[PDB]
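Basis for what follows: all heavy atoms, side chains included, without hydrogens, waters or symmetry-related copies. Each chain gets a letter, A, B and so on, in the order its sequence line appears, and its residues count up from 1.
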Amino acid sequence: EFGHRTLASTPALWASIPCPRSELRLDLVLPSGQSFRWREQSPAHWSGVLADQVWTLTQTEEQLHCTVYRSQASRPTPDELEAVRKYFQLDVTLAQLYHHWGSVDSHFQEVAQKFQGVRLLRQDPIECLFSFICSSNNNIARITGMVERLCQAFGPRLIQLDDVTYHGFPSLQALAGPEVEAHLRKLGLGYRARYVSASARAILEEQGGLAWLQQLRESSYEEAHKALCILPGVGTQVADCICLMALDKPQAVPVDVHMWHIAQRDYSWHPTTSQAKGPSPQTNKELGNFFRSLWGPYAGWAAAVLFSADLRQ
DNA sequence: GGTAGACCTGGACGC
DNA sequence: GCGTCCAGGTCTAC
Ligand SMILES: [Ca+2]
Ligand SMILES: [Ca+2]
């Protein structure tokens with residue numbers, strides 16, 4: 001069989017993971033600005049690269065159905081399904097988090113009723129780092145294209161489904177290579193093309209390579225966030241996205257225009273310790289602290305729910 | 001130390 | 001049709 005698979009077309013090639021919609025809604029997570037590597041190639045079926053292999057995912061009321069494209073088609077093995085469980089951090093019980101947040105935040109409770117299943121993906125540091133470097137002063141649709149062209153040009157070719165060729169995310173070496181910036185500009189990444197080249201070189205030639213980034217996962221939020229900000233193209237918001245989505249800092253709250261609108265419209269929030277009236281390094285930091293005092297240790301996760309809901313509105 | 005102004009790109013809107 | 005806005009912001013002279 002050729003092309004992207006559907007649960008109905010190739011039954012024997014799918015394996016499931018127990019998962020109710022209250023725990024995960026692919027349609028509210030995958031195209032919402034966390035990861036830019038997933039596409040709904042066929043109604044309700046999402047395809048993308050996960051743990052260096054291509055996968056298609058789809059769900060029914062109580063199951064998350066998975067299929068992987070590696071030779072000789074066969075359903076995913078238990079070890080491979082584990083990769084999926086970990087990518088979606090399925091050990092974190094979303095129902096428990098929603099309950100808590102909703103208990104201390106009447107507005108969250110209201111929104112939560114209509115937007116269940118919004119959880120945080122646990123992403124690869126490099127993929128997350130450069131994808132978000134590409135996200136600044138930009139929109140999800142455009143960002144998604146940039147990331148795809150980036151991987152196509154500098155990432156390992158994996159497999160082809162229909163007319164779509166999947167690529168693994170580029171390595172630091174590839175991104176640090178000669179003339180990467182110029183090539184990325186022709187691929188339409190704008191001024192961020194330099195940020196990509198410059199940051200790849202900085203990590204490899206000034207910070208000590210991959211080890212420096214990966215170690216941030218063991219470091220403290222304050223530690224990690226400060227470290228990331230030295231990288232070209234990485235500001236407070238991008239750094240926060242990375243901490244939350246790739247370095248296991250569930251309290252990190254990225255503050256962008258969306259979160260500002262939410263704060264003002266749904267909580268009548270306004271800076272008090274800062275000086276400005278709108279977004280600024282001072283007010284942004286304050287808003288982040290506000291969201292943390294409101295939701296607690298997993299504030300970044302709560303923010304993700306409202307962000308996702310704000311997109312679909 | 002804290003501020004607006006510029007900035008690649010392309011889909012939206014309003015004149 | 002076409003100039004101003006804006007999107008998961010960051011980087012800088014005054
Ligand atoms: Ca903006
Ligand atoms: Ca920086």
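Without both centres closer than 5.5 angstrom and planes tilted by less than 30 degrees, the six-membered rings of C:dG8 and C:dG9 do not count as a stacked pair. Base stacking between strand neighbours B:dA4 and B:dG5 is detected by the criterion of six-membered ring centres within less than 5.5 Å and interplanar angle below 30°. Neighbours B:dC7 and B:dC8 do not stack on each other, since their six-membered rings do not meet both centres under 5.5 Å apart and planes tilted under 30°.
Atom pair A:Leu120:CG and C:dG8:P shows a separation of 17 Å (rounding to whole Å applied). Rounded to whole Å, atom P of B:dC13 lies 13 Å from atom CG of A:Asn139. As a whole-Å value, the separation of A:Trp260 CH2 from C:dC6 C1' is 17 Å. Atoms CD (A:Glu181) and P (B:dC7) sit 16 Å apart, rounded to a whole Å. The distance from atom CG of A:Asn137 to atom P of B:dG11 is 16 Å, rounded to the nearest whole Å. Atom-to-atom, CD1 of A:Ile133 to P of B:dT9 comes out at 18 Å; the value is rounded to the nearest Å. At whole-Å resolution of the value, CE in A:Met146 and P in C:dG8 are 13 Å apart. Note: CZ (A:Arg194) to P (C:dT10) measures 18 Å, nearest angstrom.
For C:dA7 and B:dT3, the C1' atoms lie 22 Å apart once the distance is rounded to whole Å. Here, B:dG2 and C:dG8 have their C1' atoms 24 Å apart, quoted to the whole Å. For the P atoms, the distance from C:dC5 to B:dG5 is 13 Å, rounded to whole Å. C:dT10 and B:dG11 have their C1' atoms separated by 23 Å, with the value rounded to a whole Å. Going from the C1' atom of C:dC11 to that of B:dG10 covers 23 Å, rounded to whole Å.
With salt bridges taken as basic N to acidic carboxylate O contacts below 4.0 Å, none links A:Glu206 and A:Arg201. Between A:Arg185 and A:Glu181 there is a salt bridge, since at least one side-chain N of the basic residue sits less than 4.0 Å from a carboxylate O of the acidic one.
Side-chain nitrogen and oxygen atoms of A:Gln282 include at least one within less than 4.0 Å of the OP1 or OP2 phosphate oxygen of B:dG2.
Looking at the side chain of A:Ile140, the nearest of the listed nucleotides C:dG8, C:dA7, C:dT10 is C:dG8. For A:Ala276, the side-chain atoms get nearest to B:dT3 when compared with the rest of C:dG8, B:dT3, B:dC7. Across C:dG8, C:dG9, B:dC8, the shortest atom-to-atom separation from the side chain of A:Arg192 is found for B:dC8.
A donor-acceptor pair shorter than 3.5 Å can be found between the side chains of A:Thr67 and A:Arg5. Judged purely by distance below 3.5 Å, without hydrogens or angles, the side chains of A:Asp124 and A:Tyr87 never pair a donor atom with an acceptor atom. A:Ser16 and A:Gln63 share a side-chain donor-acceptor pair at under 3.5 Å.
By the 5.5 angstrom centroid cut-off and the 30-degree plane limit, A:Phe307 is classified as stacked against the base of C:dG8.
Projected onto DNA chain C by closest heavy-atom contact, A:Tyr195 and A:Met245 fall at different nucleotides, the more 5' of which corresponds to A:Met245.
Among the protein residues, A:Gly233 comes within range of the sugar-phosphate backbone only, with heavy atoms under 4.0 Å from sugar or phosphate atoms but none that close to a base. Using a 4.0 Å heavy-atom distance criterion, A:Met259 is classed as a base contact.
Not less than 6.0 angstrom separates the ring centroid of A:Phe130 from the ring centroid of A:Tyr195.
No Watson-Crick or G-U wobble pair links C:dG8 with B:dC8 when both atom distances must be under 3.5 Å.
Contact annotation: side chain of A:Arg142 to base of C:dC6, donor-acceptor pair absent below 3.5 Å.
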